[PDB]
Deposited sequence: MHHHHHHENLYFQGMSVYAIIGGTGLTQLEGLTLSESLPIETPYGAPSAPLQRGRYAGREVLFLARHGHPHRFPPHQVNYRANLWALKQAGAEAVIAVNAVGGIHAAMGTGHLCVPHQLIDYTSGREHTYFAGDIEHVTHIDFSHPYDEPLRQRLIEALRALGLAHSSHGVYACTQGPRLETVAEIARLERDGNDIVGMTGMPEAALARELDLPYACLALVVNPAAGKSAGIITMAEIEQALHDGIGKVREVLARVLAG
């Protein structure tokens, strides 16, 4: 029944049995979305796909435009796939974590619809950033599949593009975070401001700075993606049905 949107890398589009047979190049009041909207059918449910970064560094992706376009195209739930670094010792490379909280360390990103010309200011609650029904459907799928996961975790959302500093990971860890990426916020909040239920699925693509012995290389990360993307796809499959 309910229409789902999936935000993430293409190749999530290589999900077996998904059709994606439309491409509207949308222009919103908030400017250009990242890629055109792709609308399709999967296991009998209407499905939406937005590439988060087009064919743009995380801190300049027009998330506002993305979420408006999806709300409008008829989204009623958004599953956001996120590549992260693992801070928690148990959340190593290849691990899947379904966060339940986040701490936002971003700045200078268009992060609300309640700015510029508005006639009342609203302060959305945001105590629990992820819709709980979605989180459970992700968990139920991950248990069913016997994939190694954490059912909770705190998402540190940093600014990039640069990776983090060892003492910077020290502080994120002292702050309670389990995992760290650059694209979680303001996405989750803009979803909230639109009453759009949103939940994040996170693939750990590297140990965060200082956890492994060497240094973080883009090929370590590229490999990890390639390795784990199929696992993510299996989870979306079960969730989408």
Seminar exercise, completed: According to the entry, C-alpha coordinates are missing for deposited residues 1 to 14, 70 to 72, 259
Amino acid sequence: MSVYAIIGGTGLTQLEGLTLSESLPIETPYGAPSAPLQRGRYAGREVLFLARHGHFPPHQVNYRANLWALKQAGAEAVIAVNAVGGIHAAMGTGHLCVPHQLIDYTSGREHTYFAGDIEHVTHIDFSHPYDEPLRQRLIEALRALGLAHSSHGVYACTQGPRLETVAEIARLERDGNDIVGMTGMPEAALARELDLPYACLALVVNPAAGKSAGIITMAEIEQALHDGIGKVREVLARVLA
From here on, numbers count along this sequence of modelled residues.
Exercise. Going by the B-factors listed in the PDB entry, is the mean over the C-alpha atoms higher for 163 to 171 or for 117 to 125?
Worked result: 117 to 125
Seminar exercise, completed: Of 64 to 72 vs 206 to 214, the stretch with the larger average CA B-factor in the entry is 206 to 214
Exercise. Hey, what third does residue 186 fall into on Cα B-factor, ranked over its chain?
Worked result: lowest
Exercise. Where does residue 198 sit by CA temperature factor within its chain: lowest, middle or highest third?
Worked result: lowest
Exercise. Taking the C-alpha B-factors as the PDB entry records them, is residue 180 in the lowest, middle or highest third of its chain?
Worked result: lowest
Problem set entry | residue 41 - which third its CA temperature factor falls in, relative to the rest of the chain | highest
